[PDB]
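Chain residues, written in single-letter form:
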Amino acid sequence: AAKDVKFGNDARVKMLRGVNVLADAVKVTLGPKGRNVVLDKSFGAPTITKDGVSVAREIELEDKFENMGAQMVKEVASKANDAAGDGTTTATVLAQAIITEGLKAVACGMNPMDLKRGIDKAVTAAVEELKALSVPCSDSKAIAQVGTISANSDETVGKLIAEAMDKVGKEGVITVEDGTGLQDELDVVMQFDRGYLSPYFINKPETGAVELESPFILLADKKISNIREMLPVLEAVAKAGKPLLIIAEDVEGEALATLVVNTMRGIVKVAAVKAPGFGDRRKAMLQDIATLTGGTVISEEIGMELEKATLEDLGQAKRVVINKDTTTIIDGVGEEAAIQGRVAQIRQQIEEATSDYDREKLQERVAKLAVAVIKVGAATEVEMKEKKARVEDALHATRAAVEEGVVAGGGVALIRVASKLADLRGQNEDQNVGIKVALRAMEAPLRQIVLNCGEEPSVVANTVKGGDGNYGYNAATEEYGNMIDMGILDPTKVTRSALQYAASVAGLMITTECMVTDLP
Amino acid sequence: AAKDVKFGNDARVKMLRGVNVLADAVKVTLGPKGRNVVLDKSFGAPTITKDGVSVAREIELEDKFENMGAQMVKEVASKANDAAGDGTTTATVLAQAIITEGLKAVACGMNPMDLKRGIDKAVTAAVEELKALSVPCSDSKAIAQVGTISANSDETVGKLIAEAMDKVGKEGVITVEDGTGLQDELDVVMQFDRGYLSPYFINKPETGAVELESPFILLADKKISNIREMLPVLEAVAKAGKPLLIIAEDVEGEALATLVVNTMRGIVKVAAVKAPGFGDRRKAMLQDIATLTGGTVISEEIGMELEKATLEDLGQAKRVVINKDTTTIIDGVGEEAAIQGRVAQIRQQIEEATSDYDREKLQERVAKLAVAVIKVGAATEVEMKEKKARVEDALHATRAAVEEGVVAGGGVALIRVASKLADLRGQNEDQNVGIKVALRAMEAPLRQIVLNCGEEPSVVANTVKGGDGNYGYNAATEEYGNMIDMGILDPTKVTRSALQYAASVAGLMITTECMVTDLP
Amino acid sequence: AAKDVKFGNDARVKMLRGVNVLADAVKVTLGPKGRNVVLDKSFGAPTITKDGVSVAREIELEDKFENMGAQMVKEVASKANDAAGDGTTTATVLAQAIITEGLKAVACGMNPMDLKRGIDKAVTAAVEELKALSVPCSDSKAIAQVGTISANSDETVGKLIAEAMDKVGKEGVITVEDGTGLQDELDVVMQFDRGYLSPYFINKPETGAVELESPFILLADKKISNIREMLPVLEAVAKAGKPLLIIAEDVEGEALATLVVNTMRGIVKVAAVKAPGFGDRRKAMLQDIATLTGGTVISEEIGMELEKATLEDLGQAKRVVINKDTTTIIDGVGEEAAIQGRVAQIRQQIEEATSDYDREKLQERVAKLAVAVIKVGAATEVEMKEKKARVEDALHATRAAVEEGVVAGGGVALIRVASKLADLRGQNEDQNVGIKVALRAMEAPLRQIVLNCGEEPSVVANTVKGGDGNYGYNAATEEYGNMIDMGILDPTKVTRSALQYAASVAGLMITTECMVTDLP
Ligand SMILES: Nc1ncnc2c1ncn2[C@@H]1O[C@H](COP(=O)(O)OP(=O)(O)O)[C@@H](O)[C@H]1O
Ligand SMILES: Nc1ncnc2c1ncn2[C@@H]1O[C@H](COP(=O)(O)OP(=O)(O)O)[C@@H](O)[C@H]1O
Ligand SMILES: Nc1ncnc2c1ncn2[C@@H]1O[C@H](COP(=O)(O)OP(=O)(O)O)[C@@H](O)[C@H]1O
Ligand code: BEF
Ligand code: BEF
Ligand code: BEF
Ligand SMILES: [K+]
Ligand SMILES: [K+]
Ligand SMILES: [K+]
Ligand SMILES: [Mg+2]
Ligand SMILES: [Mg+2]
Ligand SMILES: [Mg+2]
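Sequence-order numbering is used: residues on each chain count from 1 as written, possibly diverging from the entry numbering, and only residues with coordinates are shown. Each chain takes a letter, starting from A, and each ligand takes a number, starting from 1, following the order in which they are written. A larger assembly contains the chains displayed, and the values given here are confined to that displayed part. Heavy atoms from the whole structure form the basis of all side-chain values; hydrogens and water molecules are not counted.

Here we come to the packing of helix α4 (residues 88-107) of chain B against helix α16 (residues 444-451) of chain B. All names here are of chain B. Contact geometry for α4 and α16: axes closest at 9 Å, N-to-C directions at 110 degrees. In terms of axis orientation, α4 runs roughly perpendicular to α16. Between α4 and α16 the crossing geometry is right-handed. For the pair α4 and α16, the contacting residues are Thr90, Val93, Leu94 and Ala97 in the first and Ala444, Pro445 and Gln448 in the second. Just so you know the grouping, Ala, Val, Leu, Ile, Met, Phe, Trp, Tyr, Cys and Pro go in nonpolar, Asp, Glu, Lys and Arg go in charged, and all remaining residues, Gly too, go in polar. By residue class, the composition of the contact of α4 with α16 is five nonpolar, two polar and no charged. Axis lines are fitted through C-alpha atoms, for helices just across the contact stretch, and the angle between N-to-C directions can take any value from 0 to 180 degrees. Put simply, DSSP H or I for four residues or longer makes a helix, DSSP E for two residues or longer makes a strand, and each gets a number counted from the N terminus. By definition in this entry, angles of less than 35 degrees are roughly parallel, angles greater than 145 are roughly antiparallel, angles of 65 to 115 are roughly perpendicular, and the rest are oblique. Should the near helix be turned anticlockwise from the far one by less than a right angle, the crossing is left-handed, and should it be turned clockwise, the crossing is right-handed. We call two residues contacting when some pair of their heavy atoms lies within 4.5 Å.

Turning next to the side chain of C:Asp114. All names here are of chain C. Examined against the element boundaries, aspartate 114 turns out to sit in helix α5 (residues 112-133). Here's how the labels work: a residue is buried when its accessible area is under 20% of the maximum for its type, exposed when over 50%, partly exposed in between, all with a 1.4 Å probe on protein chains only. A relative accessible area of 8% places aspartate 114 in the buried class. When residues no more than four places from it in sequence are discounted, the contact partners of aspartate 114 are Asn428, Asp430 and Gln431.

As a further point, take the pattern of salt bridges. Should a side-chain nitrogen of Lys or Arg be within 4 Å of a carboxyl oxygen of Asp or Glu, the pair is scored as a salt bridge. Applying the stated criterion across every chain, the model contains 88 salt bridges over all chains. Residue B:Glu229 pairs with B:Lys222 through a salt bridge whose shortest N-O separation is 4.0 Å. Of the two residues examined, B:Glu229 and B:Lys222, each falls in the buried class. Here the residues in one salt-bridge network are A:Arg35, B:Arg12 and B:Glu513, joined through shared partners.

All names here are of chain B. Coordination partners: N, O, S within 2.8 Å of the metal, 3.2 Å for Na, K and Ca; water not considered, so apparent gaps in a site are possible. Around the potassium ion (ligand 8), the protein supplies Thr29 (OG1), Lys50 (O) and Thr89 (OG1) as donor atoms, at distances of 2.6 to 3.1 Å. Each donor residue of the potassium ion (ligand 8) belongs to the same chain, and together they define the spacing T-x20-K-x38-T. Between the potassium ion (ligand 8) and the magnesium ion (ligand 11), a spacing of 5.0 Å is present. In this pair, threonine 29 sits in the loop between α1 (8-27) and β2 (36-39) while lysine 50 sits in the loop between β3 (47-49) and α2 (52-58), placing the two residues 21 residues apart along the sequence. Each of the two residues, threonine 29 as well as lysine 50, counts as buried.

Residues and elements named next belong to chain C. Protein coordination of the potassium ion (ligand 9) is provided by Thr29 (OG1), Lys50 (O) and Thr89 (OG1), with donor distances spanning 2.7 to 3.0 Å. Written as a sequence motif, the donor residues of the potassium ion (ligand 9) are T-x20-K-x38-T. Between the potassium ion (ligand 9) and the magnesium ion (ligand 12), a separation of 5.1 Å is found. Given the relative accessible area of 16%, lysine 50 is considered buried.

Counting residues at the interface gives 44 residues for chain B, matched by 39 residues for chain A. Note on chain B versus chain A: buried area summed over both sides is about 3400 Å², and carbon and sulfur give 58% of it. Values labelled buried area give the accessible surface lost by two parts on being combined, using a 1.4 Å probe and summing over both. Counting the surface chain B buries against chain A, the share from its top three residues, B:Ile302, B:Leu508 and B:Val516, is 16%. Where chain B meets chain A, there are two salt bridges.

Let us now look at the domain arrangement of chain A. All names here are of chain A. Segmentation of the chain into domains, including their bounds, is taken from an automatic or database domain assignment. Segmentation of chain A into domains returns domain 1 (1-134 + 406-520), domain 2 (135-189 + 370-405) and domain 3 (190-369). Just the C-alpha atoms count here: the centres of domain 2 and domain 3 sit 32 Å apart. Tallying the contact residues gives six residues for domain 2 and nine residues for domain 3. A buried area of about 590 Å², summed over both sides, lies between domain 2 and domain 3, and 53% of it is on carbon and sulfur atoms. Run the count over domain 2 and domain 3 and you get one salt bridge.

And the structure:
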């Protein structure tokens, strides 16, 4: 289509106006005295949220150029989220603060492409300075604090996540789901998403689930349809007394029908459940189970018949629990040598994972061998969703603090790094201004946090910069102090991520001399 | 699409204006001197109703922001309904009254997120205070009163529900349907909607129905067409003397034809009726019958032939009654262990029911095992529907009073709790104002009830607050007295639910600093 | 969609304006000096009609609220029609007259919900008072009068319906159809809609019909295709001399072909006709015939072969008449014990009929055992349809007078009841006004009838109220007298029905404080 083409200052002013709308909608949620944003949503009720990326993703403006502005800087907030899990508002606030200052310089005749070089240099330095300030965070008290600050000063959420990480370990997974109840709730477990195939197996109608006591476990790679194949193994289990779980690709009617009438009567106690997964991942996961239980995968492809299996090839467990949705193996017989060998193998499979998706499902399996769910409580569903948004953010920050340490919150970390880089220069004057642009932007987080409390950001900024180390402003309590002593901890990873991403995008945005878009 | 983005006070004023339209449409129905709302309805006649949620669900406003207001607070009324069954108007009135007072504070510079904390704290306290005031309600007189007040002072409805609960018990179900007649009507019963397949079975032409005395019961999952399958079992029943009921998927002509000539002559006494339901629900229900009668479901799918059944697999009952429309099994042989085991299973099936429809049919079956129907009478159909709306509400309130006690109605319960929390404070001033916001809102129900009588709400409120305990205003009679003595009982569960839900939503709504929606 | 929401007086004024349009279109047809309404109709010619519900059903207004008004009160006219069959205009006139007076009171500050209670009480009383005044109506002269008044003073229609009810009895059915001729026409009949299957059976080419003299009757449930099955019975009829009628599901070619050549020659005299009905109704009706004729239904389903039938199982009749369209059995051998037993069975089948359709076909069969059609004559088709509309109304009123007696027409019945309830009071003042609202409305029918004659309704009303008993205004003749002596009879059922339904709806309509509808 025919295009509208704008140049120079006109293009930039539009680009900014756009940035500001997105920025201005997100910035209002920053900090403990941050407020919430309402996002209308076509199919049913609107959403109240503090989560900066959530606000950002919805912004789209009418004016084709302004929109372009907002649509580019939206990526800062968005990428922060995909890497860190928190800091999305901070990231957005920095980005604005750069873009704004940079463009002002561009208008003064300075060469954008150098302003960029400055900014980028100042940031590469700031990243390293932050790694210096970073003190690690591994005790449950520190983690609970990060969690708490991350969930907008909700101590329960901190406490609860800290408890969770303590229980699953570090090679273990934590999810968050909507609770039925009014208060928060933590559940801890190997399990996979498969129910009984035969609802006539439930041996405890109390729970509506099958509870096989100290059973054998048959791992069939192929899908079963004839009871002939089972007879040899079913026989040895019938003369052993112990029950049996059958985890094959599928238990077809002809061979299912029978199995039912056999437990129906009490001849053998057997359960049938599909195999966890699809394709090569199934055989991989099915193998994981064999290792935990000390059984052999009866793979039809690698020269085994299901009839030539014996008690030998069956896994064993202390207990088994299966319901309409999930199957759980409690404490398998498999030796911990074989297990941790199998784990350090899958651990290096995640190293060569060049795609995120290949990494997801792999660490899921290592957690099954080395898992927890937090259920979020609230009165209504508008409440549920702002709370659940905070819990996720908190969990992310906690995992990030663990893996990269913490720094003083209240945006002081950045303010310090800015004073430490006060001597940084570039190859020429424009690059210098570029550095100074970035350093001045580093104050923005603190400044906005203070501004959302309705106090004079210049005055607070000055007072924090007059101090040392972890002296900062506690926006919640409205007085100064030692941020680490007051539990106001941001993960290093998030503060770093915010800064890097804002800089990346904002840097480029300053180099805009022409804009091309469709006509209205 | 391009979005309209509004901030701060503008956004809030719009949000309120919206809340008020919904609120203002619902509030007019509050209390005995409440009036009705007419809701136009595209396909045919309009609806007259007092039921506050019904009005709420229809509100949708033109202005995109105002709508957002109304669409959020709509959830208060809506959730009250899903939890309690009554109090939806009250809930809505509170919500408004909070939002309004809170936003006024937000405009005074107070920190919304703290106003929220206050409100929420005041409410958590009020919930506990209400549990103190709650006296239980288990005698039929008290229940009839709750029912009566709930049905806008209709004593018949109270009386009739009280009678119903007395007869079904507490582990028994009550439904409401449109009556054909002009006056109300209660019917009480395991039974299901299926008649005889063969009209030539009626062994008592007095009633035009089959009355099988102390019979066996055959439960066939598959549909029958050949008499071959029957011969083995039919044989053992023919040499046992006792009659037989056959409840299979269907009794086809070839196998039906015969069965007739056999009872025709007196060789065996047999009835044939289709199975209750369709698909997986049929097999589920067919199984319920087996448990009540001590029989086995002869399921062709899970490896059973109909020929290999014996007297073993047949259920038994004390008596059976079947007519053109319904089949009734009176007092089955099944052991109450197996029954209540089967029930506590279906009881937890209703827990995981995430859809309303999955909940309906499940509790229907538990009533068949552990049932009454109220038919509502009215002259026209406009009348039918407002009445039926009141009966449902009443029934809900009665069931809620039973399970959580009652408190003094006329909104006095809340007014008392408010005087008891007069000393409640928070961590800081903004939180205090937040508490006071909630306590002042607690007066709104009484105030609106009085205002719908066209009398001075301040004057009545003052006079009730000057009193003690259950002193209140009786809006119907226009004079003060002891609300429990005057039968003006609200269930605790509903009063609590109203307050909790209003607070949840309204709390969040006060934290609004930005709104994002589509352009017009 | 976005809604328009109106409150209080605004909403009510709109609601009324709507009611009035519908009311005002219907009221013009009231009474003997009533006029007609023309209803445009998309597919072809318009409709002229006096029938008040017919006018009502077409009204739909542009203004969304006014429409709501009209759409609710439309139900009065509509329900009157479904219950009574006449009085739809009267009902509509009352409804208006209540709504109007009630709303005026609501505007004076009186509590709508009490105004309702008053109205309803006054009506429950009026219903009983009317049952007092009701004198029964069973002589043909009285019925002819009701019919006449009902058909807007058309004596022929009265006379003709009176003759009809006299001939079919009270357990007999009357239909009305369009006539081919220019004048009205009554036809009277056991018979059913089936002709000969074989046109080569007509033994009297004068009429073009088969006249079997004193024959046997074979009732075959199954459909016949082979002459083998017939031979046993056909044999015994061939050696008996008497002819035979065969009423089976069908007489197929192979078995039809033969039967023809046998009567063709004079070996046996046989007729073949399909069975009356479809499905379970066929077997039911086929059974009715067996009872009237003293034969057995040879039902293949309940263990009978057609070959094992003998003269035993054949019905018998005095004469049989069959043409291209219908089969008639004149005076069957069946004993009147068995017949009236079969009838009092089908009579109670119509009691449990909860659907209108289940009632239609049942009383059709009782008439066949214990039926008439009125053909309406007119010149054109515009004429046909107003006339046919009056005949139906008349027939309905006659059947209603029969079942619930009559009262003095000209709306005097209601005027009397109003003077008798002059002392009725309620629990409080608002309820009193509510009663007075209803009593004043009871004058409206008379008042409107008089007003359609262009005479002063107040003056006539006063003069009738000054009188006693059945003194009334005869609007046709324009002078006063004894309404029963002048033949001006309304059925009690209709007068009662009108009042009850108007009150039901109008009562509720007065309680309107808010209206919610879509935007324009
Ligand atoms: N009590 C406090 N005083 C000062 N700063 C705080 C306090 N609590 C949290 N913060 C800071 O405010 C920041 C707010 O983060 P948040 O508003 O969730 O946005 P983001 O998406 O950037 O995490 C945190 O980095 C933290 O350093
Ligand atoms: N006669 C009365 N006097 C005072 N209050 C009453 C009387 N009858 C009912 N109420 C109160 O009015 C409230 C009205 O409930 P209702 O209008 O049905 O709305 P909701 O959806 O809140 O139940 C009840 O909680 C009850 O306490
Ligand atoms: N000659 C008459 N004088 C007075 N009233 C009459 C006369 N003929 C009929 N009426 C009255 O007028 C009414 C007219 O009924 P109609 O206009 O058909 O409306 P509806 O639908 O109410 O039957 C009858 O109830 C009858 O009482
Ligand atoms: F805005 Be962040 F995700 F707390
Ligand atoms: F408005 Be409530 F449901 F009585
Ligand atoms: F208007 Be009524 F049906 F005579
Ligand atoms: K945020
Ligand atoms: K209500
Ligand atoms: K009329
Ligand atoms: Mg955060
Ligand atoms: Mg109520
Ligand atoms: Mg009439």
